[PDB]
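The structure appears below as structure tokens.
Values quoted throughout were computed directly from the atomic coordinates according to the rules given, and no laboratory measurement underlies them. Cβ atoms come from the backbone with ideal geometry, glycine included; neighbour counts cover every protein chain shown.
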Number of protein chains: 6
Amino acid sequence: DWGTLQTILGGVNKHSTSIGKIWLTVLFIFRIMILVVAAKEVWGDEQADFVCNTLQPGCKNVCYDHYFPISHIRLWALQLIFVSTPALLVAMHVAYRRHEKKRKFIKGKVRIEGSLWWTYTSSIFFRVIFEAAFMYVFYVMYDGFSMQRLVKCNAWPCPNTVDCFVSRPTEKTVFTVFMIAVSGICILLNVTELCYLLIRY
Amino acid sequence: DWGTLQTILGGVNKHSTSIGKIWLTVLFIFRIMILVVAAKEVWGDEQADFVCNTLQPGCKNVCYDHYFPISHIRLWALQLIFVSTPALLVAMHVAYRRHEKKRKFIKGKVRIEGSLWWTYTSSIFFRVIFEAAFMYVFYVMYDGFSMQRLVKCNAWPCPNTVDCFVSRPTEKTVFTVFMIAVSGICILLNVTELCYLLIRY
Amino acid sequence: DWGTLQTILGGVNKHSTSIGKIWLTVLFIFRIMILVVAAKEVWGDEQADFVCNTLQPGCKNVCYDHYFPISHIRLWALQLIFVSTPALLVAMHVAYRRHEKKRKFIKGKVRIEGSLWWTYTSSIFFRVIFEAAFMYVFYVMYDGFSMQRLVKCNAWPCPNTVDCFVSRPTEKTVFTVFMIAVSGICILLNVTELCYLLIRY
Amino acid sequence: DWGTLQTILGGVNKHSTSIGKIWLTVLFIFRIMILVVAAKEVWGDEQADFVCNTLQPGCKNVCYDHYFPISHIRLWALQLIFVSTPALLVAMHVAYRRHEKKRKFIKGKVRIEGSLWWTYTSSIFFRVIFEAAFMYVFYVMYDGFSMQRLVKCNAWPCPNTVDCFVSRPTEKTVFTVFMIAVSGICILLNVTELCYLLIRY
Amino acid sequence: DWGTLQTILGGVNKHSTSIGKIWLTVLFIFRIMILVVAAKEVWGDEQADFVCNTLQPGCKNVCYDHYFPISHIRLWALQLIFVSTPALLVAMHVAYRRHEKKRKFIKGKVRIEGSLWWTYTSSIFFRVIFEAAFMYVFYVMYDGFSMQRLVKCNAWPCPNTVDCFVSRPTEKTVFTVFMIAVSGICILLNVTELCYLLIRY
Amino acid sequence: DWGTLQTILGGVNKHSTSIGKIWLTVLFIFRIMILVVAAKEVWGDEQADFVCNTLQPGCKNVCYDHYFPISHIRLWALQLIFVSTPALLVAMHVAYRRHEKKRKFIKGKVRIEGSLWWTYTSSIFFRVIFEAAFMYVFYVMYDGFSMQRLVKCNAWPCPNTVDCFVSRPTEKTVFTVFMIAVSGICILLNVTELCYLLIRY
């Protein structure tokens, strides 16, 4: 049930007029499409075919870890999770509060634009707080903006400084580009909607 | 059918007014999202790439076991199962008792707030009894609050004291943080709802 | 379609008033949840990482087999299958006979409580006959109530008496406890319903 | 869509009164349940952990093949497929011919019991022709009624007579029993329905 | 969504009266059933357990390729895809053109039997053009009508003429029979329908 | 939910009359069918069975990467993703703008052919911009139009010039043909629709 249902409440009836309402969510889908291709495909090799030229037992495991703490496809994953949360927390805040107020005062809209158009504004703030919280780590945590073919790993139980090699560090980067590019694009659309709610207050 | 259906009875029609009703369940989903990422991804290596530097047959298997009795992702799993149980036992207690009493005295609400708002109170008690029963083990069972890069394992059939090394013990811990953090957060929301039912009695 | 459809007919409209009607089925689900975690996760290693300290070809294969004839997770599986059968054979006996008698004498309830409340009584008998038929094997077949870290295996083509070692025999036992505990609990609820049909006849 | 849909047309509205109408199909499900447990679980090892004690290249591959031509779980599979065919060919012959004749002579039941109750009789004949066509092979093709722990394989490129060993040949047999037992039971119910159509003609 | 939806437009409302209309599609299903058993099961070994008795690096990879260019289960796959295309292109040509003409001249059947019963005739031609285009390759491409236990492979980087051995080449052939037999049967039904449209013109 | 839902909005109600409207989308499906066969099947081996004849640690990993930067099945994937985007962005632009304008001026078609028939024209431009943006890379990036049996790889940490060998480079090419052929065909249908919107303006 991954993707189709998040839109049943995420693609709500009639919220705003900016042409960036759907655009942002079409990417949200696109961006989980590109990741549901990367993950199962290019990262399985991450640990397997990660070769350290040393016979020294501890080394290779320690050399992956010291170098790949939260692997990229689990970061990319967490991104799509956190930045998914505001989207579905709001849609949840709506289908609840709207269903509630309605069926309670029917037997016995200033608060529909009040309560909900307000949490949605702070959501949009949350979206770009997350989309940028990770975009940050993904750039600070991981030794520049990509990954090298080999790394020189000083992991504890290696003898002195040893070599190791990653698997397809280009295909791995390629997908770090797209996912980082679309991570920026999806930042601007998010900030444009936080901008439009700062223009008319 | 995992997740979408638990909400069909779990996201009940109209129970209470605390803003922590949905919040708790949005996490419940989030928390099964983070775990349905961890499991199949970072724990496959647990046993495979767990390296003991010894030639001594028995050792490595014994060194995983003596050290990883109920692996983390099956604990995390059990958590989400037990803490899932009160949620769906109540929702089950409702859709049954409500469907029953209704279609039986229609041909031939003091007990709807009696029977059900009462078992729900003891449920909320159960939720935090489990969320904290495991949160306990997960902290007492597993040698501090995380896992080291290497362990010194005295498993029987090793010669004296041998080394062994885990796979991505940081990525493994990273996910033990989030899942332990969200395990605490989901404790408070649970205890706030047990608090609100202790305030007005 | 596993689990959600068994309830569409299993959790029928309005059968009895004992609070153990749903309780038993909530476990039935719980118990297929715990097993759909165990299986694919902890038992893959059963054969793989089962190490016999011998160079003697035949041995390891023979030592698994002579020692793990019907592995636990396929027993647990068979349990949930057989004890699933009465539940869905009755629900099948109902939605058929009820749909039949109805649409045949409408154009041209002593037998609804006769035929069906009677096969259901023998079902409850069947449930506890199976839940206890396996609970039996699972306790008699498998060398006490758990599994050791190593076994001393005399499988034919090993030289004399050799050692072998299992994988995570604790995590494996842990899940033999829960599944054997819940196998007992689900016995009592079954026998309480066979008791209530022995009380009022 | 495997299982739930075959019953939408396979469990038709109102065909006959023998108590073996559903019984046979409840097994049909049961029997695909037991096999959807066996297959992915116990047979993966078939080739992998099949060990021939020889260094002679050709041998092991030839020794599996000469000995496991159509492996059991693909036979079991074929059975459930062929014996599935009459069931769904008839159900297909009905929902077509019944939908056809109806909506064609409404604008502009002697042939409903004629055409369909007749192909259904030959179906029941087909079912037991298949259920017994394989039951036959499964007993004649495979060296008695089970499998040994080791086989002495004379496959071409082995040096003279070599040993080889299978994986869990008991667990493998256990599941050959159940599936062969239920293959007999499902023969009798099929022949009882061919008997009841031979009694009243 | 593989199989169930192809019939929603494929199992059309009311096209012709030949008893080979459903028969052909019941096989189409059967034939994707047999292949969705073969593939994931018997061909995984194709490359893995393909053993060439040589130490010569290049060899084994080259000996699979030069000998298994488009492996059988990807041919079988392509067949079911191409021969699936006319079936769903027509069903697509209908549900479009029929929905179009109808809702356009309702506000403001000589072309329903014209346009559609005509492309359907050329479809049936296409079906047997594909079913026989592959049936051809599958017989011409692959060294006779089956596969041997061993092949003598002259792949470039082998030293002179080397041996190699396949995995379960009988189980592999067995499934090449059925799928080639049903590939012939599904040719005749296709040609019988092209015959019936050549009889009455 | 992959494929069936893209059509619910992709294959909209009633857009144009060219016989290339469905044809293009029938391929779009066909083309994701051929790829959902290739990927999981023929590319798993890409890295695994990629053999470099050298003992030199770094080499093999570097020799795959320097030679397979974004592997084919992830390109093919990205293609079907990008060229999928205009299709679903438009269908998204419609079901939103059409649902919006309608339910807003009903209580209180020059812009339906204006706004939407115009973005759809630029979509068709986008489709062929992507379909040809990759078709380009797929031909320029990858050393001619196919792949050789062996490559001579000069990857850094190899000693001088080493050999390596790919897996099934023919089966891999075969599927590069179809997917490149259908990548051209799906270019023309796209350009014919951009042509028909250039003919009548």
What tally of residues in region F:40-71 results from selecting those that are more than 21 Å from residue F:139 (Cβ to Cβ) and of a type in the set (A, V, I, L, M, F, W, C)?
8
Could you go through region E:150-164 and let me know if any residue there is basic (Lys, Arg) and within 11 Å of another protein chain (Cβ to nearest Cβ).
no
Condition met for residue E:6 (under 22 Å from residue F:19 (Cα atoms), buried (at least 17 other Cβ atoms within 10 Å of the Cβ) and of a type in the set (S, T, N, Q)):
yes
Here the residues within region E:136-164 that are in contact with a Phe, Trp or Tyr (Cβ under 7 Å, 6 or more places away or on another chain) and within 27 Å of residue D:47 (Cβ to Cβ) are E:145, E:149, E:150, E:151, E:153, E:164
Those residues of region D:24-35 which are facing chain C (nearest Cβ under 8 Å) and not β-branched (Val, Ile, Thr), in sequence order:
D:30, D:33
Of the conditions (1) out of contact with any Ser or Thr (no Cβ under 6 Å at 6 or more places or on another chain); (2) of a type outside the set (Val, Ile, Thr); (3) not in a helix (DSSP H, G or I), residue B:115 satisfies every one except a single condition; which number is it?
(3)
Residue within region C:59-79 that is of a type in the set (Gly, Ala, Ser) and either under 22 Å from the mean Cα position of the chain (by Cα) or closer than 22 Å to residue D:177 by Cα (or both) present
yes
Filter region D:62-89 down to the residues that are of a type in the set (S, T, N, Q) and within 7 Å of another protein chain (Cβ to nearest Cβ), then identify the one that is nearest to residue E:26 (Cα to Cα).
D:85
Test for residue C:103: is it within 10 Å of another protein chain (Cβ to nearest Cβ) and over 30 Å from residue C:172 (Cα atoms)
yes
Residues of region D:74-93 satisfying the condition of being buried (at least 22 other Cβ atoms within 10 Å of the Cβ) and of a type in the set (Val, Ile, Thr):
D:83, D:90
For residues that are of a type in the set (D, E, K, R) and surrounded by 19 or more Cβ atoms within 10 Å (Cβ to Cβ), scanning just region B:36-61, find the one that is farthest from the other protein chains (Cβ to nearest Cβ).
B:46
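One line per residue, one yes/no per condition, for (1) in contact with a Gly (Cβ under 8 Å, 6 or more places away or on another chain); (2) surrounded by fewer than 19 Cβ atoms within 10 Å (Cβ to Cβ); (3) small (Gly, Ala, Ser):
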{"residue": "F:95", "(1), (2), (3)": "no, yes, yes"}
{"residue": "F:106", "(1), (2), (3)": "no, yes, no"}
{"residue": "F:120", "(1), (2), (3)": "no, no, no"}
{"residue": "F:148", "(1), (2), (3)": "no, yes, no"}
{"residue": "F:200", "(1), (2), (3)": "no, yes, no"}
Is it the case, given these coordinates, that residue C:183 is in a loop (DSSP other than H, G, I, E, B) and of a type outside the set (A, V, I, L, M)?
no
Here is a list of conditions, (1) under 30 Å from residue E:11 (Cβ atoms); (2) assigned to a helix (DSSP H, G or I); (3) of a type in the set (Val, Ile, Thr), and residue D:110 meets all of them except one; can you say which number that is?
(2)
Of the listed residues (F:100, F:113), the one being among the acidic types (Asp, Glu) and under 15 Å from residue A:19 (Cα atoms) is F:100
Looking at region E:165-198, which of the residues that are within 9 Å of another protein chain (Cβ to nearest Cβ) and more than 21 Å from the chain's Cα centre (by Cα) is surrounded by the most Cβ atoms within 10 Å (Cβ to Cβ)?
E:168
Which of the residues that make up region C:133-167 are of a type in the set (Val, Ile, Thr) and outside any loop (DSSP other than H, G, I, E, B)?
C:137, C:140, C:151, C:162
Lone unmet requirement of (1) farther than 23 Å from residue C:28 by Cα; (2) more than 14 Å from chain A (Cβ to nearest Cβ) for residue B:21:
(2)
